[PDB]
Novice: 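Have a look at this one.
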Amino acid sequence: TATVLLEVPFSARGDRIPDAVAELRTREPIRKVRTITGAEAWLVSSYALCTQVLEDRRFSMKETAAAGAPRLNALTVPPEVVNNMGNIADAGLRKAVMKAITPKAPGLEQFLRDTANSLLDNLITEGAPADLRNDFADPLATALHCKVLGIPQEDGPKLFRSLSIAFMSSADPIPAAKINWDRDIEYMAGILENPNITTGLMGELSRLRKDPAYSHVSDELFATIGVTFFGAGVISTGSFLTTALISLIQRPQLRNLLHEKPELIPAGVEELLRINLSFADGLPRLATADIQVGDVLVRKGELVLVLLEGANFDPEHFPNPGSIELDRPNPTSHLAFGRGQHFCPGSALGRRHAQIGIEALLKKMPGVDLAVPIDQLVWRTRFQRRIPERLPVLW
Ligand code: HEM
Ligand SMILES: O=C(NCc1ccncc1)c1cn(-c2ccccc2)nc1-c1ccncc1
């Protein structure tokens, strides 16, 4: 019987990779698929071809926003914001933004530890079961990014609640995404006018905004940096930590090893990054030229999707790809933070968030385990991340 073109994404589950991925990688490491909008796209699933695409700027992020382009999903931001980092660089702000979001600031790591330990103490006092997403990982992500941005901790929860819509992966425009975007922009604009905001990213942007060398950088861009970096950082670190905790809980031998030898946690987090399924869709790019990728000539104007778990579970680059092995010779060569022009600017902060969160969890709850059968986790659909709605644990 005739069938329709293969549809992406394959599965919203973040606890297992579908067998189809390895089948595609072996047989058709670049092949045509249909996205949720009805558009056709090239899905790339081998390490070699994923890295080729991400290292060639003629596969353009900014052009994915063009009117009439084949789309992975609907925009939840204004089209100019797709080029956010390019706008930050053109404004002379890239070095200052990067420096502000490093985990190297004095007292930042101790703040993370204190916050993690307080969250865990509250869960222990309340008694099992505990929800490690809603009452540990996501609050830790939110508190971290309020600190990094320099904004009041009490404003975190409301900003966080915008994100279950802001990072939807939808076939159609989302009215609530515009409401939340506009409200979050007003908030960050007020922060830039708030005299008591003098630390972190927003404190630095506030100063530069009044410096004559930035006098024609737009107030809209300054506010956009705050919204985009809070939102991307919080959704990415919260979702990554949550699904890493699942992979750790399902490996009691590894859990016990990292509990016994916490100095191995950075290597453990790097493997947890490699095997992480938090990105629900391939990374989108639009070809600006005719470019050969494997056996396919991609034509100008076509959509390409870079499947991160295709690359990261490729046995030709990571032998025994499904096994967490702390002594690989190429441990940071995974694509969990992307590659090339748009490599994640928060990579160091995301690493340290997960490292400290796990260190604290294993000390407080060394017997941590799922409180429900793993198939009972509820995986969020039509979202740019894969996450369980709740993560119930005991200890
Ligand atoms: C474990 C945590 C994180 C993961 C797994 C992650 C993942 C990624 C990936 C894969 C990309 C590349 C997207 C592409 O090329 O299309 C990216 C870009 C980006 N990330 Fe992260 N990220 C994390 C944490 C953060 C944090 C903490 C921040 C900010 C505080 C952040 C802000 C951004 C921004 C703004 C971009 C866009 C860069 C550009 O367009 O050039 N991310 N991230
Ligand atoms: O969807 C978002 N990014 C993924 C994307 C993928 C392909 N094409 C466009 C965008 C996104 C959503 N928000 C947002 C935040 C608060 C309220 C409403 C929306 N911010 C961003 C964002 C973060 C960092 N850099 C740029 C954009």
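Counting starts at 1 for both ligands and their atoms, following the listed order. Along the sequence shown, the residues carry numbers beginning at 1.
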Novice: At a 4.0 Å cut-off, with the gap strictly under it, does some heavy atom of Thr64 reach an atom of ligand 2?
Specialist: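 No, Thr64 has no heavy atoms under 4.0 Å from ligand 2.
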Novice: Which atoms of ligand 2 are found less than 4.0 Å from any heavy atom of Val82?
Specialist: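 Near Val82, the atoms of ligand 2 are 9 (C).
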Novice: Could you tell me, atom by atom, which parts of ligand 1 come under 4.0 Å of a heavy atom of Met85?
Specialist: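 That gives atoms 38 (C), 39 (C), 40 (O), 41 (O) of ligand 1.
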Novice: Would you list the pairs meeting ring pair (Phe, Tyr, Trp, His ring centres under 6.0 Å) in which at least one residue belongs to residues 36-93, sequence neighbours left out?
Specialist: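 Sorted result for residues 36-93: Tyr47-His317.
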Novice: Could you check atom 26 (C) of ligand 2 against the protein and tell me its nearest heavy-atom contact, residue, atom and distance included?
Specialist: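 Protein heavy atom at minimum distance: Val81 O, 3.9 Å.
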Novice: Between the side chains of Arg133 and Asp131, is the shortest nitrogen-to-carboxylate-oxygen separation below 4.0 Å, so that they form an ion pair?
Specialist: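 Looking at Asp131 and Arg133, the cut-off is not met.
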Novice: Answer yes or no: is there a donor N or O on one side and an acceptor on the other, between the side chain of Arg274 and the main chain of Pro321, under 3.5 Å?
Specialist: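 Present.
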Novice: Would you mind telling me if ligand 1 is within reach of the side chain of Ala336, the backbone, both or neither, using heavy atoms under 4.0 Å?
Specialist: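 Just the backbone.
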Novice: Within the 4.0 Å heavy-atom shell around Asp184, which atoms of ligand 2 are there?
Specialist: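 Heavy-atom distances to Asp184 below 4.0 Å select 16 (C), 17 (C).
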Novice: What is the nearest protein non-hydrogen atom to atom 16 (O) of ligand 1, stated with its residue, atom name and distance?
Specialist: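 Ranking protein heavy atoms by distance from atom 16 (O) of ligand 1, first comes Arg285 NH1, 2.9 Å.
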Novice: Quick one: look up the protein heavy atom nearest atom 7 (C) of ligand 2 and list residue, atom name and how far away it is.
Specialist: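 The answer is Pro284 CG, 4.2 Å.
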Novice: Hey, which of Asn117, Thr115, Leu123, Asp121 is the one that makes side chain to side chain contact (heavy atoms under 4.5 Å, CB included) with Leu119?
Specialist: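 Exactly one pass, corresponding to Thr115.
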Novice: I'd like to know if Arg31 pairs up with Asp295 as an ion pair, taking the criterion as any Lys NZ or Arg NE/NH1/NH2 lying under 4.0 Å from an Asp or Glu carboxylate oxygen.
Specialist: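 Here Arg31 does not pair with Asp295 in a salt bridge, since their nearest N and O are not under 4.0 Å apart.
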Novice: So, 4.0 Å and heavy atoms of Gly231: is ligand 2 close enough to count as a contact?
Specialist: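 No, that is not the case, since the closest heavy atom of the residue is not under 4.0 Å from the ligand.
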Novice: Measure the distance from atom 13 (N) of ligand 2 to every protein heavy atom, then report the residue, atom name and distance (to 0.1 Å) of the closest one.
Specialist: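 Heavy-atom neighbour on the protein nearest atom 13 (N) of ligand 2: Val77 CG1, 3.4 Å.
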Novice: Around atom 21 (Fe) of ligand 1, what protein N, O or S atoms are found below 2.8 Å?
Specialist: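 Listed by chain and number: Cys344 SG.
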Novice: Does a side-chain heavy-atom distance below 4.5 Å link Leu54 with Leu335?
Specialist: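 Yes - at least one pair of side-chain heavy atoms lies under 4.5 Å apart.
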Novice: Heavy atoms, side chains only, cut-off 4.5 Å: are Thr224 and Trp181 in contact?
Specialist: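 Answer yes - side chains close enough.
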Novice: Using a 3.5 Å cut-off on N or O atoms only, is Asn73 in polar contact with ligand 2?
Specialist: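 By distance alone, the answer is no.
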Novice: So is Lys178 touching ligand 2 or not, going by heavy atoms under 4.0 Å?
Specialist: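 Judged by the 4.0 Å heavy-atom criterion, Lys178 does not count as contacting ligand 2.
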Novice: Using a 4.0 Å cutoff against the non-hydrogen atoms of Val227, which atoms of ligand 2 qualify?
Specialist: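 It comes down to these atoms of ligand 2: 15 (C), 16 (C).
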Novice: Would you mind listing which atoms of ligand 1 come within a distance below 4.0 Å of any non-hydrogen atom of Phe229?
Specialist: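 Those of ligand 1 that fall under 4.0 Å from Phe229 are 29 (C), 30 (C), 35 (C).
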Novice: I'd like to check which ligand 1 atoms, numbered from 1 as shown, lie under 4.0 Å from a non-hydrogen atom of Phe240.
Specialist: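 Checking each atom against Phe240, I get 1 (C).
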Novice: Has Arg385 got its NZ or CZ under 6.0 Å from the middle of the six-membered ring of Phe279, at an angle within 45 degrees of the ring axis?
Specialist: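 Yes, a cation-pi geometry holds between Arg385 and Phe279.
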Novice: Got the closest protein heavy atom to atom 2 (C) of ligand 2, with its distance?
Specialist: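 Protein heavy atom at minimum distance: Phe167 CE2, 3.7 Å.
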Novice: State, yes or no, whether a side-chain contact exists between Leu24 and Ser46 at a heavy-atom distance under 4.5 Å.
Specialist: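 A side-chain contact is absent here, since even the closest heavy-atom pair is not under 4.5 Å.
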Novice: Please indicate whether any nitrogen or oxygen in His342 is less than 3.5 Å from any nitrogen or oxygen in ligand 1.
Specialist: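 Such a contact does occur with ligand 1.
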Novice: Closer than 4.0 Å and a protein heavy atom, does any atom meet both conditions relative to atom 10 (C) of ligand 2?
Specialist: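 Neighbour list for atom 10 (C) of ligand 2 is empty of protein heavy atoms (cut-off 4.0 Å).
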Novice: Within the structure provided, determine whether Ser333 and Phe318 are in side-chain contact (heavy-atom separation under 4.5 Å).
Specialist: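 Yes; the side chains approach each other to less than 4.5 Å.
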Novice: Suppose we measure from atom 17 (C) of ligand 2 to each protein heavy atom; which comes out shortest, and what is that distance?
Specialist: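 Of the protein heavy atoms, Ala166 CB, 3.5 Å lies nearest.
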Novice: Extract all donor-acceptor atom pairs below 3.5 Å that involve side chains of residues 343-353 and protein atoms in other chains or at least two apart in sequence.
Specialist:
{"from": "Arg351", "atom 1": "NE", "to": "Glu270", "atom 2": "OE1", "distance (Å)": "2.9"}
{"from": "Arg351", "atom 1": "NE", "to": "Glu270", "atom 2": "OE2", "distance (Å)": "3.4"}
{"from": "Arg351", "atom 1": "NH2", "to": "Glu270", "atom 2": "OE2", "distance (Å)": "2.8"}
{"from": "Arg352", "atom 1": "NE", "to": "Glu109", "atom 2": "OE1", "distance (Å)": "3.1"}
{"from": "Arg352", "atom 1": "NE", "to": "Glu109", "atom 2": "OE2", "distance (Å)": "3.0"}
{"from": "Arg352", "atom 1": "NH1", "to": "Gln355", "atom 2": "OE1", "distance (Å)": "2.7"}
{"from": "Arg352", "atom 1": "NH2", "to": "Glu109", "atom 2": "OE1", "distance (Å)": "3.0"}
{"from": "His353", "atom 1": "NE2", "to": "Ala141", "atom 2": "N", "distance (Å)": "3.4"}

Novice: Would you call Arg113 and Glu359 a salt bridge, taking side-chain N to carboxylate O under 4.0 Å as the test?
Specialist: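 Yes, charged N to carboxylate O under 4.0 Å.
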Novice: Identify whether the distance between the nearest side-chain nitrogen and carboxylate oxygen of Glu193 and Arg209 falls below 4.0 Å.
Specialist: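 Salt bridge flag = yes for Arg209 with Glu193.
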Novice: In terms of residue, atom name and distance, what is the protein heavy atom nearest to atom 4 (C) of ligand 2?
Specialist: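 Here the nearest protein heavy atom works out to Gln384 OE1, 3.2 Å.
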Novice: Of all the atoms in ligand 1, which lie at a distance below 4.0 Å from a heavy atom belonging to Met61?
Specialist: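 Answer, ordered by atom number: 14 (C), 15 (O), 16 (O), 40 (O).
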Novice: I need the nearest protein heavy-atom contact for atom 27 (C) of ligand 1: residue, atom name and distance, please.
Specialist: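 Residue, atom and distance for the closest contact: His145 NE2, 3.5 Å.
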Novice: Under a heavy-atom criterion of less than 4.0 Å, does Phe279 contact ligand 1?
Specialist: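 Within the 4.0 Å threshold, so yes.
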Novice: Could a heavy atom of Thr237 be found less than 4.0 Å from some atom of ligand 1?
Specialist: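 Within the 4.0 Å threshold, so yes.
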Novice: Quick check: do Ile235 and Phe383 have side-chain heavy atoms less than 4.5 Å from each other?
Specialist: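 The answer is yes; the side chains approach within 4.5 Å.
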Novice: Are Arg207 and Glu204 ion-paired here, with the side-chain N under 4.0 Å from a carboxylate O?
Specialist: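 Yes.
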Novice: In chain order, what residues pass the side chain to side chain contact (heavy atoms under 4.5 Å, CB included) check against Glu40, with sequence neighbours excluded?
Specialist: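 If we apply the side chain to side chain contact (heavy atoms under 4.5 Å, CB included) test to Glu40, skipping adjacent residues, the hits are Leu5, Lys32, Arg34.
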Novice: Any carboxylate oxygen within less than 4.0 angstrom of a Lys/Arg side-chain nitrogen, looking at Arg386 and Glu309?
Specialist: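 Salt bridge between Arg386 and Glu309, a charged N being under 4.0 Å from a carboxylate O: yes.
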Novice: Can you list the atoms of ligand 2 that are under 4.0 Å from a heavy atom of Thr228?
Specialist: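 This gives 23 (C), 24 (C), 25 (N) as the contact atoms.
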